[PDB]
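Just below is one structure, and these are the notes that go with it.
Positions of Cβ are backbone-derived with ideal geometry, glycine not excepted, and every protein chain shown enters the neighbour counts. Each reported figure results from applying straightforward, stated rules to the coordinates on display, with no laboratory input.
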Amino acid sequence: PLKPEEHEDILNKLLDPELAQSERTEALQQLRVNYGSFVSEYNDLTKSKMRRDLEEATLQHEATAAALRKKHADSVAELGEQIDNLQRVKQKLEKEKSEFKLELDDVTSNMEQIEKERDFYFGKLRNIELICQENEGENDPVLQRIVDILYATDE
Amino acid sequence: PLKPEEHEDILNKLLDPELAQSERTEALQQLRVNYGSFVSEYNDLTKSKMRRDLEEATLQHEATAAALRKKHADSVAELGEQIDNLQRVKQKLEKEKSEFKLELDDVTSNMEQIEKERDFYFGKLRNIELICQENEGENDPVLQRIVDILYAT
């Protein structure tokens with residue numbers, strides 16, 4: 001805003017008639033813009049008019065802040081709910097991961113005992129078969145019964 | 001004072017330099033008291049504090065929205081990183097769960113066979129057992145060897 005100082009320098013400038021027509025025209029513009037945008041607004045401005053204006057800015061700012069707050073809050077919640085989900089999911093998977101983890105070797109080293117049981121027996125059979133063939137020339141009908149059991153098949 | 005354009009009709013009186021300088025000095029004498037009145041009204045304590053008040057209100061509001069936006073873009077980043085981690089851990093547990101699962105599917109089926117083989121063999125042994133009890137009325141030394149094998153530890 002043109003301080004009373006600066007305005008008066010312009011009015012003494014324009015006083016002199018032999019001032020250039022580029023500086024006279026420039027100096028009255030200065031006074032045109034200056035009056036244009038603010039002087040003119042203070043032609044009406046009542047202490048009440050601009051109290052309401054100031055108050056309305058205030059309302060508008062809080063309304064704007066509040067809407068922003070609303071938005072941010074909804075976003076944070078949604079990120080939070082995804083983390084909760086994933087966590088109900090981390091819980092559950094590492095549960096079954098462990099529930100599978102040795103049910104697997106409950107059943108597995110169950111097995112490697114049922115293996116050497118199989119091998120225990122298989123070896124009894126291999127030795128019986130041996131004996132059988134040491135005495136195969138005898139045509140022993142009982143031995144033949146036994147031999148026929150050994151090589152009998154439905155594995 | 002001067003309507004927005006009893007002002008403007010005088011910025012053009014002054015424009016023509018051939019105005020007499022006894023009514024160039026009047027048209028400026030009026031512009032000068034106008035401004036006198038204007039500045040003392042612009043300078044009014046209530047109106048000036050209201051001017052400052054409004055200015056400072058917009059500033060603080062801008063400062064505050066900025067702080068709120070930042071607090072928000074930091075949160076979302078931090079929550080972002082937690083969410084991605086929980087997904088890469090999710091995928092890791094998914095792999096681990098099913099690989100344990102697929103191994104017990106292969107190893108479960110793998111021993112219902114081995115069992116079948118065991119029972120097959122035990123059956124044979126039981127068969128051979130029954131024959132040895134039929135013929136221990138004669139007592140072959142060969143049979144005794146077979147019996148000895150049946151009951152070994």
Practice task
Towards the positive end of the charge dipole of segment B:44-150, with charges on Cβ (+1 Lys, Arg; -1 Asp, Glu), say which of B:50, B:104, B:85 has the farthest Cα.
Solution key: B:50
Practice task
Could you state the orientation-averaged shadow area of the convex hull built on the Cα atoms of segment A:1-43, in nm² to one decimal?
Solution key: 3.0
Completion exercise
Nearest 10, in degrees from 0 to 90: the angle of helix B:45-134 to the longest Cα principal axis of chain B is 10
Exercise for the section: Find, to one decimal place in angstroms, the Kirkwood hydrodynamic radius of the protein assembly as shown, where the mean of 1/r is taken over every pair of different Cα atoms and then inverted. Expected result: 31.0
Fill in the blank from the handout: Mean other chain Cβ within 10 Å across A:100-109 is 4
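Please report, in debye to the nearest 20, how large the charge dipole of chain A is about its Cα centre when each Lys and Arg carries +1 at its beta carbon and each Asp and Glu carries -1 there. Kindly include the intermediate steps, with their values, before the conclusion.
On the way: 22 positive and 36 negative charges, 258 e Å.
Computed about the Cα centre, the dipole is about 1240 debye.
Which whole number gives the average, over all residues in B:134-140, of C-beta atoms from other chains lying within 10 Å of the residue C-beta? Don't jump to the answer; show the numbers that get you there.
On the way: counts 2, 6, 0, 0, 1, 0, 5.
Per residue, the average neighbour count from other chains is 2.
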Problem - Estimated dipole of the protein assembly as shown in Debye, rounded to 20 [Cβ of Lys and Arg +1, of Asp and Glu -1, Cα centre] - result: 1920
Fill in the blank from the handout: So residue B:119 and residue B:77, fully extended at 0.36 nm per residue minus their Cα-Cα distance, gain in nm 8.8 nm
Fill in the blank from the handout: D (µm²/s, integer) via Stokes-Einstein for segment B:44-150, Kirkwood Rh across alpha-carbon pairs, 10 °C, 1.306 mPa s: value 69
Exercise for the section: Using only atoms on other chains, find how many Cβ atoms lie within 10 Å of each Cβ of peptide B:36-46 and report the average. Expected result: 4
Practice task
Grab chain B and count how many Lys pairs have their alpha-carbon atoms under 17 Å apart, sequence gap of 8 or more, or different chains.
Solution key: 4
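Net charge near residue B:19: determine it from the other residues with C-beta under 14 Å of the C-beta of residue B:19, scoring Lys and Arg +1 and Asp and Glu -1. The partial results should precede the final answer.
Numbers: positive: A:24, B:13, B:24; negative: A:16, A:18, B:9, B:16, B:18, B:23, B:26.
My count for the surroundings of residue B:19 gives -4.
Above 25 Å lies some portion of the pair distances; for segment A:1-106, what is it as a whole percent of all C-alpha pairs?
Distances greater than 25 Å cover 65 percent of the Cα pairs.
Given Cβ point charges of +1 (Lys, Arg) and -1 (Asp, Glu) and nothing else, what value in debye, to the nearest 20, does the dipole of segment A:76-155 about its Cα centre take? Kindly include the intermediate steps, with their values, before the conclusion.
Details: 11 positive and 21 negative charges, 84 e Å.
Rounded to the nearest 20 debye, it is 400 debye.
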Problem - Highest-MSF residue in chain B out of B:110, B:12, B:85 [GNM, Cα springs under 10 Å] - result: B:12
Completion exercise
HN-Hα couplings for segment A:140-155 via Karplus (6.51, -1.76, 1.60; θ = phi - 60°), in whole Hz with x for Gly/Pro, come out as 4, x, 5, 3, 6, 4, 5, 3, 6, 4, 4, 8, 6, 9, 7, 2
Exercise for the section: Please report, in whole Å, how far the alpha carbons of segment A:42-82 spread along each principal axis, starting with the longest. Expected result: 58, 12, 5
Exercise for the section: Please name whichever of B:38, B:25, B:2 sits farthest to the positive end of the charge dipole of segment B:1-43, dipole taken about the Cα centre and charges placed at Cβ: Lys and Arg +1, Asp and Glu -1. Expected result: B:38
